[PDB]
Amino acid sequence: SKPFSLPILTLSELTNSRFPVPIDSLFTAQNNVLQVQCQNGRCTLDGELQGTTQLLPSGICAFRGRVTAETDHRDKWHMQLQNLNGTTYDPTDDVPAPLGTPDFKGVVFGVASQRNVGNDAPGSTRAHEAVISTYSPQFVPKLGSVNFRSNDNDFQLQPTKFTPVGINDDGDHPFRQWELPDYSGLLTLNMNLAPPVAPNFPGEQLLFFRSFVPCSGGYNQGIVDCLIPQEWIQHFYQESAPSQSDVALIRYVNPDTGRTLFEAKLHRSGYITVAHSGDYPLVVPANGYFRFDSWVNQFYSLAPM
């Protein structure tokens, strides 16, 4: 059978799978009652994509479609969604939302761009700053549309792309990276979600690949934690190696010295735990990377780090 493996990539060679920026650091968080259930950056070790996860970093928190109405909501521009590859989005599909849809509560700011097709000035373009709030009642991507705000009113009912740049609070409504938006809007339930993940033992904590993304004013730190980086997801999808157990053993190695620095559990659902107690931002050598050593199980006792 095809052997499981990790790609060989340093921290600065990795992309955040929940926002299209490089990984900045590794962080392990103290356990709490709040649920970790992100929908982007979800993939099993044998390469099954889950939630709203797709392969491209350019897909993450991006939208593609057409503006089909200009309204007088604060979120003025009504954007009917396609799939990111331009095919027609089907709301009855067994996904939470179109692949790449944001999986947090707050705003994503960026640029909405257009290129005309059809009889009305085909090939004419425009691009302006735009904001999408996932708190908005018009944020209904599962149903097939989202609305965006712009200070500019130079927009047409034409094919549209949204490129994310950063995140922020939505005025008084805080940026909450672990709170899912209501993909179908108010008074509806989310469906087809990737499951929540948690340590099976109190001495273990989730380990995150952490990014500090851009913010558009205020003092928000722009913290976006992902379970596994986008490149691991891409790698597992290509490889499709069969998982021999529920838990893979991985070691963080310094190639400069050859030393193993610490070990971790890489679970079959696609997340990592370490033996540690408390919030801890790791300090690791620049050339360090995770190495897959063996299939183990839940009853492996991780060396404390």
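The first residue of the shown sequence is 1; numbering continues from there.
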**Request:** On mean C-alpha B-factor from the PDB entry, just flag whether 49-57 or 33-41 is the higher one.
**Result:** 33-41
**Request:** Mind pulling up the entry and telling me whether 185-193 or 75-83 has the higher mean Cα temperature factor?
**Result:** 185-193
**Message:** Checking the record values for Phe208, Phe162, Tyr219, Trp232, which has the greatest CA B factor?
**Reply:** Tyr219
**Request:** Tell me which of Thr273, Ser243, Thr68, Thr257 tops the list for C-alpha B factor in the record.
**Result:** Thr257
**Request:** Pull the Cα B-factor of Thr101 out of the PDB entry and bin it into the chain's lowest, middle or highest third.
**Result:** lowest
**Relative C-alpha B-factor of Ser136, binned into the chain's lowest, middle or highest third** = highest
**Prompt:** Within this chain, which third does the Cα B-factor at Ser5 fall in: lowest, middle or highest?
**Reply:** lowest
**Message:** Lowest, middle or highest third: which one holds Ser124 when the chain's residues are ordered by CA B-factor from the entry?
**Reply:** lowest
**Fill in**
Of the three thirds of the chain ranked by Cα temperature factor, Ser277 occupies the highest
